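Read the single chain below, which is given as structure tokens and is the form deposited in one PDB entry.
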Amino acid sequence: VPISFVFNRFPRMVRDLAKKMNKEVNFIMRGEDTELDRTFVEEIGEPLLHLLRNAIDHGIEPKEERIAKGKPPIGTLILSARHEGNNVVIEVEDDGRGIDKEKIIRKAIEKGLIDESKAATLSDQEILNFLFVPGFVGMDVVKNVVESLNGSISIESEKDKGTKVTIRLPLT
């Protein structure tokens, strides 16, 4: 049915978390009327909650830090669903600090997952996909659930600008 069944839980969760961390967050939900199979509605909640929490906690910076960096004091967190053909696309986008791709590469080298010699030409997708590696509620589990639903997940991010996580599910 409508994804609002999941999305309606989130405003109070988001607001509670932002408050606790001295963040002002404009949380915008779009496409809440988007319908898809009830299995997906029943299961996508916990993964989305992790992404929202990540954005508030790790993404959106404290107001003082936003001001210091010359960003709007209020951060923006957008949760959207839409139809794209026979798939539904769910996006979680924030205008926070972004994911530090350099830090990912440094850790992958440290963990012996890649050699330094390969770092210079790694694609952005290949870098950000290390986030799904176990040990790198967890981001690994987010991907495992999405893929159990025959979905896919990708991440785009730019330092200091923010992060967008995209989930594609079938309508099934």
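Heads up: residue numbers just count along the shown sequence, starting at 1. Under this definition, the rigid core comprises the largest set of C-alpha atoms superposing within 1.5 Å between the forms.
Unmodelled stretch separating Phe130 from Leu131: none (count of deposited-sequence residues without coordinates). Stretches 18-26 and 152-160 differ in mean C-alpha B factor, with the higher average recorded for 18-26.
When 115-123 is weighed against 141-149, 115-123 comes out higher, by mean CA B-factor as recorded in the entry. Remark: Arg97 belongs to the lowest third of its chain, ranked by C-alpha B-factor as recorded. Placement of the Cα temperature factor of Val41 within the chain: highest third of the modelled residues, per the deposited record.
Among all modelled residues in this chain, the alpha-carbon of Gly70 has a temperature factor (C-alpha) in the highest third. When the modelled residues of the chain are ordered by their C-alpha B factor, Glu61 lands in the lowest third. When the CA B factors of the chain's modelled residues are split into thirds, the value for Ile167 lands in the lowest one.
Separately, the form deposited in another entry exists; it is not shown, and the next lines address it.
Of the candidates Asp33, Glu46, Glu147, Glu116, the Cα that moves 2 angstroms or more after core superposition between the shown form and the other one belongs to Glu116 alone.
In a rigid-core overlay of the protein, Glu84 has its C-alpha displaced by under 2 Å between the shown form and the other one. Taking the rigid core as fixed, one finds a CA shift for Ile104 of 2 Å or more between the shown form and the other one.
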